[PDB]
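Have a look at final16.txt; it's compact mmCIF, C-alpha atoms:
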# COMPACT_ATOMS: atom_id res chain seq x y z
CA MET A 1 49.44 -71.52 20.48
CA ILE A 2 51.31 -74.28 18.72
CA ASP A 3 52.77 -71.88 16.27
CA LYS A 4 56.26 -71.79 15.04
CA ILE A 5 58.45 -68.68 15.43
CA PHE A 6 58.31 -67.65 19.06
CA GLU A 7 60.54 -64.65 18.23
CA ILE A 8 64.03 -64.01 19.68
CA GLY A 9 63.90 -60.24 20.25
CA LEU A 10 63.29 -60.01 23.99
CA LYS A 11 65.04 -63.33 24.63
CA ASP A 12 68.46 -61.72 24.32
CA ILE A 13 67.35 -58.85 26.53
CA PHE A 14 66.03 -61.01 29.35
CA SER A 15 68.69 -63.66 28.81
CA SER A 16 70.51 -62.64 31.98
CA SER A 17 67.21 -62.59 33.86
CA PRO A 18 66.13 -65.51 36.15
CA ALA A 19 64.19 -68.23 34.37
CA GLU A 20 63.30 -69.90 37.62
CA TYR A 21 62.90 -68.72 41.16
CA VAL A 22 62.97 -69.99 44.70
CA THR A 23 60.96 -68.81 47.62
CA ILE A 24 62.36 -67.23 50.77
CA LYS A 25 61.39 -70.48 52.37
CA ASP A 26 63.41 -72.31 49.67
CA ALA A 27 66.42 -70.11 50.05
CA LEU A 28 66.41 -70.82 53.82
CA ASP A 29 66.02 -74.49 52.76
CA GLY A 30 69.33 -74.08 50.99
CA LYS A 31 68.12 -73.37 47.51
CA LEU A 32 70.39 -70.61 46.67
CA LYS A 33 70.92 -71.14 43.03
CA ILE A 34 68.64 -69.89 40.35
CA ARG A 35 68.97 -70.45 36.65
CA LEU A 36 68.89 -67.64 34.16
CA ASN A 37 67.22 -67.62 30.71
CA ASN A 38 70.62 -68.06 29.07
CA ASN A 39 70.99 -71.09 31.43
CA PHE A 40 73.69 -69.54 33.61
CA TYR A 41 73.45 -69.69 37.38
CA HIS A 42 73.37 -66.97 39.97
CA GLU A 43 73.84 -67.87 43.59
CA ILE A 44 71.76 -66.22 46.17
CA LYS A 45 73.21 -65.24 49.52
CA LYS A 46 71.45 -67.08 52.32
CA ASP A 47 72.71 -64.44 54.73
CA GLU A 48 70.79 -61.78 52.83
CA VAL A 49 67.69 -64.00 52.86
CA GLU A 50 67.89 -64.49 56.63
CA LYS A 51 67.98 -60.73 57.22
CA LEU A 52 65.09 -60.47 54.73
CA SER A 53 62.99 -63.13 56.51
CA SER A 54 63.60 -61.30 59.79
CA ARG A 55 61.80 -58.25 58.36
CA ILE A 56 59.23 -59.78 55.99
CA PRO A 57 56.11 -61.55 57.52
CA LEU A 58 56.16 -65.40 57.72
CA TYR A 59 53.14 -65.77 55.37
CA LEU A 60 55.04 -64.34 52.47
CA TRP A 61 58.11 -66.66 52.80
CA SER A 62 56.67 -69.34 50.55
CA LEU A 63 54.84 -66.81 48.42
CA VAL A 64 57.61 -64.41 47.47
CA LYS A 65 59.80 -65.91 44.85
CA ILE A 66 63.21 -64.40 44.74
CA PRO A 67 65.18 -62.88 43.13
CA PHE A 68 63.25 -59.63 42.83
CA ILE A 69 63.17 -58.12 39.38
CA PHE A 70 63.07 -54.41 38.84
CA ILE A 71 62.58 -53.03 35.38
CA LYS A 72 64.23 -49.71 35.04
CA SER A 73 62.27 -46.89 33.46
CA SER A 74 63.50 -46.03 29.99
CA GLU A 75 64.68 -42.56 31.02
CA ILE A 76 63.59 -42.00 34.60
CA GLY A 77 65.10 -43.08 37.97
CA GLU A 78 62.02 -45.16 38.67
CA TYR A 79 61.99 -48.90 38.76
CA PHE A 80 59.01 -51.09 38.06
CA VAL A 81 58.66 -53.70 40.71
CA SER A 82 58.37 -57.02 39.00
CA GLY A 83 57.41 -60.43 40.26
CA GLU A 84 54.27 -61.63 41.91
CA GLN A 85 52.04 -59.49 44.12
CA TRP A 86 53.83 -61.03 47.07
CA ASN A 87 57.17 -59.71 45.77
CA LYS A 88 55.60 -56.33 45.39
CA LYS A 89 53.99 -56.55 48.83
CA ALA A 90 57.42 -57.49 50.24
CA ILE A 91 58.85 -54.33 48.71
CA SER A 92 55.88 -52.40 50.12
CA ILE A 93 56.69 -53.54 53.67
CA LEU A 94 60.50 -53.29 53.38
CA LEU A 95 60.43 -49.74 52.11
CA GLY A 96 57.20 -48.27 53.37
CA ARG A 97 56.18 -47.54 49.82
CA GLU A 98 52.85 -48.40 48.33
CA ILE A 99 53.74 -50.21 45.17
CA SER A 100 51.63 -49.06 42.38
CA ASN A 101 54.26 -49.86 39.80
CA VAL A 102 57.45 -48.05 40.52
CA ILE A 103 59.66 -47.22 43.42
CA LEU A 104 62.34 -44.57 43.36
CA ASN A 105 65.98 -45.03 42.44
CA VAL A 106 66.95 -44.25 46.04
CA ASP A 107 64.63 -47.02 47.26
CA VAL A 108 66.16 -49.50 44.86
CA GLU A 109 69.64 -48.48 45.93
CA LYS A 110 68.59 -49.03 49.59
CA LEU A 111 67.46 -52.50 48.64
CA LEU A 112 70.66 -53.09 46.64
CA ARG A 113 72.81 -52.31 49.65
CA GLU A 114 70.51 -54.23 51.94
CA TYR A 115 70.01 -57.36 49.78
CA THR A 116 72.29 -57.42 46.77
CA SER A 117 72.15 -61.03 45.53
CA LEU A 118 68.37 -61.12 45.82
CA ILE A 119 67.90 -58.43 43.21
CA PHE A 120 68.03 -58.33 39.42
CA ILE A 121 67.64 -55.01 37.77
CA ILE A 122 66.76 -54.90 34.14
CA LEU A 123 68.72 -51.89 33.15
CA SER A 124 67.54 -49.67 30.45
CA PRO A 125 70.61 -48.72 28.31
CA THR A 126 68.29 -46.32 26.57
CA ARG A 127 69.22 -43.47 28.85
CA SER A 128 72.82 -43.78 29.96
CA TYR A 129 74.63 -46.99 30.77
CA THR A 130 73.91 -47.32 34.46
CA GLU A 131 77.29 -49.02 34.95
CA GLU A 132 79.10 -46.03 33.42
CA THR A 133 76.82 -43.83 35.46
CA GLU A 134 78.06 -45.66 38.61
CA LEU A 135 81.67 -44.60 37.86
CA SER A 136 80.67 -41.08 36.97
CA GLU A 137 78.69 -40.81 40.22
CA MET A 138 81.53 -42.04 42.46
CA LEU A 139 83.89 -39.56 40.80
CA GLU A 140 81.66 -36.76 42.12
CA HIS A 141 81.33 -38.80 45.38
CA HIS A 142 77.53 -38.91 45.26
CA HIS A 143 74.62 -40.78 43.75
CA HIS A 144 71.84 -38.77 42.11
CA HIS A 145 68.83 -39.13 44.28
CA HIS A 146 65.45 -37.65 44.18
Target encoding structure tokens, full file:
Amino acid sequence: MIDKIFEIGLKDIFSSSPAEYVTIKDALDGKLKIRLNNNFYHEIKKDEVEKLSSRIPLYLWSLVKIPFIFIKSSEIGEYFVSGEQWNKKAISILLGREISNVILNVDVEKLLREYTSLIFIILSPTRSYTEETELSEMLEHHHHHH
């Protein structure tokens, strides 16, 4: 509890991850800047929030705290929907997927194209650098989907 040595292992991993969030209601309020764990700031596009709030039920606006975090599976094209149950319920309604834990890579990519600034993906560099994968994919003009 009040014990020294909090450990720094996962800190560097989730350093680029949001340390604070805003609701959909807050983003419409003009809170478009969230702080990361490494204290940097990422601005959220209000335009992407407005198209979001046009599709997600009113109740969830002050419940869902954006950005949405998706943890990528260590080797699989499945992403673990992270956040509160409201975030996960949002994803359930936006995709038509029942969120148990993961959604498919295609579903995440839909969401990425639909709402880019609202999403943080914790990439697993365990199985291919997804950024290098992106180049390799566009070379063959496709994106591996299943």
*So what do you get for atom CA of residue A:67 versus atom CA of residue A:138, distance-wise?*
26.5 Å
For residue A:81: contacts at 9 Å, all atoms listed in the file, fewer than 2 positions along chain excluded, given as a CSV table (one decimal) with C-alpha atoms, in the coordinates of the input:
chain,number,residue,atom,x,y,z
A,68,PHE,CA,63.2,-59.6,42.8
A,69,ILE,CA,63.2,-58.1,39.4
A,70,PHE,CA,63.1,-54.4,38.8
A,71,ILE,CA,62.6,-53.0,35.4
A,72,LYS,CA,64.2,-49.7,35.0
A,79,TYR,CA,62.0,-48.9,38.8
A,83,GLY,CA,57.4,-60.4,40.3
A,87,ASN,CA,57.2,-59.7,45.8
A,88,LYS,CA,55.6,-56.3,45.4
A,91,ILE,CA,58.8,-54.3,48.7
A,99,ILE,CA,53.7,-50.2,45.2
A,100,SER,CA,51.6,-49.1,42.4
A,101,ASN,CA,54.3,-49.9,39.8
A,102,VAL,CA,57.4,-48.0,40.5
A,103,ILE,CA,59.7,-47.2,43.4
*Gap from atom CA of residue A:46 to atom CA of residue A:135 - Å, one decimal*: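 Atom CA of residue A:135 lies at a distance of 28.6 Å from atom CA of residue A:46.
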*Pick out the residues sitting within 12 Å of residue A:59, and hand them over as a VMD selection string; count all atoms listed in the file, and ignore anything fewer than 6 positions along from it in its own chain.*
chain A and resid 23 to 25 53 86 89 to 90
*asked:* I want to know what sits within 12 Å of residue A:50, based on all atoms listed in the file, with residues of the same chain fewer than 3 positions away left out; could you give that as a list in words?
replied: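 Using all atoms listed in the file, the neighbours found are residues 24, 25, 26, 27, 28, 29, 30, 32, 44, 45, 46, 47, 53, 54, 55, 56, 58, 61, 114, 115 and 118 of chain A.
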*Suppose you want the space between atom CA of residue A:145 and atom CA of residue A:92; what is it in Å?*
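Computed distance, atom CA of residue A:145 to atom CA of residue A:92, equals 19.4 Å.
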*Given only C-alpha atoms as the counted atoms, nearest of A:9, A:18, A:96, A:77 to residue A:120*: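 Result for the nearest residue to residue A:120: A:18.
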*Between A:94, A:5, A:106, A:66, which one has atoms that come closest to residue A:144, using all atoms listed in the file?*
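Closest to residue A:144 of all the choices is A:106.
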*If we count all atoms listed in the file, what is near residue A:74 at a cut-off of 7 Å, once residues fewer than 4 positions away on the same chain are taken out, given as JSON, numbers by chain?*
{"A": [124, 126, 127]}
Requested write-out: C-alpha atoms of the selected residues, as a PDB file, keeping the file's coordinate frame:
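New file again.pdb:
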ATOM      1  CA  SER A 124      67.540 -49.670  30.450  1.00  0.00           C
ATOM      2  CA  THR A 126      68.290 -46.320  26.570  1.00  0.00           C
ATOM      3  CA  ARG A 127      69.220 -43.470  28.850  1.00  0.00           C
TER       4      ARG A 127
END
